[PDB]
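The chain below stands alone, shown as structure tokens; this is the form whose entry title says "closed form".
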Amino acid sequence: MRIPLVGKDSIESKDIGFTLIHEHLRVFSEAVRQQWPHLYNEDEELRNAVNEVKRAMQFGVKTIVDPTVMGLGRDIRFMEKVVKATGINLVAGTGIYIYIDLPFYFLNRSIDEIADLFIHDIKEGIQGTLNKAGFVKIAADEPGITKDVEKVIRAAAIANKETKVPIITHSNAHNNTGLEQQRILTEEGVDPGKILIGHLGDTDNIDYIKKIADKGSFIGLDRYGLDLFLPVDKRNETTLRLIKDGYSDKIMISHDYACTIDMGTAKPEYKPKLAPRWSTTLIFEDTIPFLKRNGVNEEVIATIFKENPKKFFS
């Protein structure tokens, strides 16, 4: 009715239920998998995603929002198979994930041409299917807001204005890329309440995080388990502080888990050190119980995982 779902009829935002706002079923580099397929195994990848999703559902997760887009190996037909096997509500997205420059395809191409690609995914469908994009994903990281990064941001604003789908971002918590994404998007006419600034939970700099929330956007405390960015304990402490300071209606929580990911950083012998407890269920095992025994009312849990995602997609 409003939010398109992979392999399902669209639904009203009020029916989204308990939601994980940022989780990846599978991530890979398009060019590498295309050039060297021997490196990948789809059977395992599907099995890994299906199993992970089933664990999440057993904890009550009703909807998963998967911001895998161009540059992370979005594959709508893979996503269909996971839904087919699990029955999860899956929201797919459109957009471009870059840190520095766009692919050469985009040389001498306008921001409008880029926005047109996103709009195609939202109105027509993804990768030749009738599965439609429910949001736009954009990124910026250590390199900052480069020329191409900015062009992609402004294209996302155009797509939002045309289709009203919200925007999810990837940012670096330590260099103000998040605040800049927000500024540019809102200058382009995007409603601040239609923006989730991502990976802000990677820092304990509470003052910076509040600055984005005060400007009306959702803040992504969304990498629970990725200790190399910030340990779980510190994340919980920051989350609790924000809630106590009255920021629960701006907070969104997730793991940014990748059921399978091809980056060398994700090698098995690195897990114990970088992300020992990383998964899509960590928050049920740690974060939520922690909050409840620290004076946080159930109503606040309901706000973060149900109400906020609802408003976001409304």
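The term rigid core refers to the maximal set of C-alpha atoms that superpose within 1.5 Å between the two forms. Only residues modelled in both forms are compared. One rule holds for the numbers: they count along the sequence shown, beginning at 1.
The same protein has a further form, the form whose entry title says "open form", not shown here; the description that follows concerns it.
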Identity of the moved residue from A258, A275, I251, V61, C-alpha shift 2 angstroms or more, core fit between this form and the one not shown: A275
Pin down for me whether the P276-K292 Cα distance shrinks or grows in the other form relative to this form (closer or farther, change of 3 Å or more). closer
Relative to the form shown here, do the C-alpha atoms of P276 and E285 sit closer together or farther apart in the other form, given a change of 3 Å or more? closer
Provide the ranges, sorted by sequence, of consecutive runs with at least 3 residues in which each Cα shifts 2 Å or more between this form and the one not shown, based on a superposition on the core. 265 to 276
